[PDB]
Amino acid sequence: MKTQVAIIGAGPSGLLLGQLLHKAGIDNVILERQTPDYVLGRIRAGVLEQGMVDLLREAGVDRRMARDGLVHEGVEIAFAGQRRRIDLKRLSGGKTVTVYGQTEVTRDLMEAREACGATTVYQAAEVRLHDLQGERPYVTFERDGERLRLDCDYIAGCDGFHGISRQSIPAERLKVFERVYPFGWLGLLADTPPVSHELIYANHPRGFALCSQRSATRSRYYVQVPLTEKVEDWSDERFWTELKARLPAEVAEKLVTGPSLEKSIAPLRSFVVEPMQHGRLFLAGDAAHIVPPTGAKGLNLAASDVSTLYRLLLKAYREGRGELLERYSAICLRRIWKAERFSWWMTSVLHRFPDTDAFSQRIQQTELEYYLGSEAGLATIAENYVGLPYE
């Protein structure tokens, strides 16, 4: 087969890029290693920034989101003793965030694509990338036990952390920046009404807790755990007691509990690769960078990479301005690094780190007290949380 742009991975990144390109008249084929329900089984993200909200609208996939997503104008931080609200809307100059599940976003994009009849190959096994620096790169994959070749002009690597894209670039061409945190988040998806109309981030001596939601009758809760914990060790009951133990008493008392729909432990990491391209291959989303979940930025960054890639390819195709594609990595990395710093910061102030001396503990408290206390400090949080402008 032959196409314009070949996309590796049928996650939100590949799907959204695919959608935007199709609608713009640029043919693209998506190659996914797994099945459509495997993809749809990932819970992940709950919070979208306005830019991603706008991109979905632009891909013409926002009906359901407009109906079903919840607009939030504030978030709360609870730290030893109190509960503080950050008014996002007023502090960011009128911006908000939207709660809409990653699974939901993914489902909407898969439907839109299916309708349009754009090509998607599920269970594409053994994807391999070839001739990245030539004029004519191609992708090989196996469909059954048949190896097919897809010819294209450009490859978008939208295959997440463990994809093949990043792996296909000469190791010597990339500079890696990684931070591994000594803790993960145990998440619990329950068909219970959320404890608050807004999110609650909690710094507690026993460790971080987060009260999030999916809808009015669907909640998502997380507690920080050591990397050595196995989820088979966390019954629903154990989860509920522990959560309750990390929250403000008035919050724990109002908490409606119930059986889990899903439970999983996610390890926290910081990761950036520079540059994010090679020849005719362009990395986007988790393939190029990972942020700890704390600042609700991963999917939001994939969206900014995708927005940048899409606009650059349009220009190349419709305007014959292929040279601007050289500017892809410079553009995305300005945004990445600022989102990674916010994410690191959020992570360092709300989590309980092992082997922390008295000083470092006290500074942790003071940062909270300072930032939650000053109009300037509050504003720093608010403008980062809502998302910084797209370039």
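In this text, residue numbers run from 1 along the sequence as written.
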Of 27-35 and 350-358, the stretch with the higher mean C-alpha B-factor in the deposited entry is 350-358
359-367 set against 54-62, stretch whose average Cα temperature factor tops the other in the entry: 54-62
Which has the highest CA B-factor per the PDB entry: 289, 218, 128, 84? 84
Highest CA temperature factor in the entry: which of 280, 113, 173, 244? 173
Temperature factor at the Cα of residue 89, chain-ranked in thirds, falls in the highest
Relative to the other modelled residues in the chain, which third contains the C-alpha temperature factor of residue 6: lowest, middle or highest? lowest
Give the position of residue 330 by CA B-factor within its chain, expressed as the lowest, middle or highest third. highest
Report the third (lowest, middle or highest) to which the CA temperature factor of residue 373 belongs, ranking only the modelled residues of the same chain. highest
State the tercile, meaning the lowest, middle or highest third, of residue 47 with respect to the CA B-factors recorded for its chain. lowest
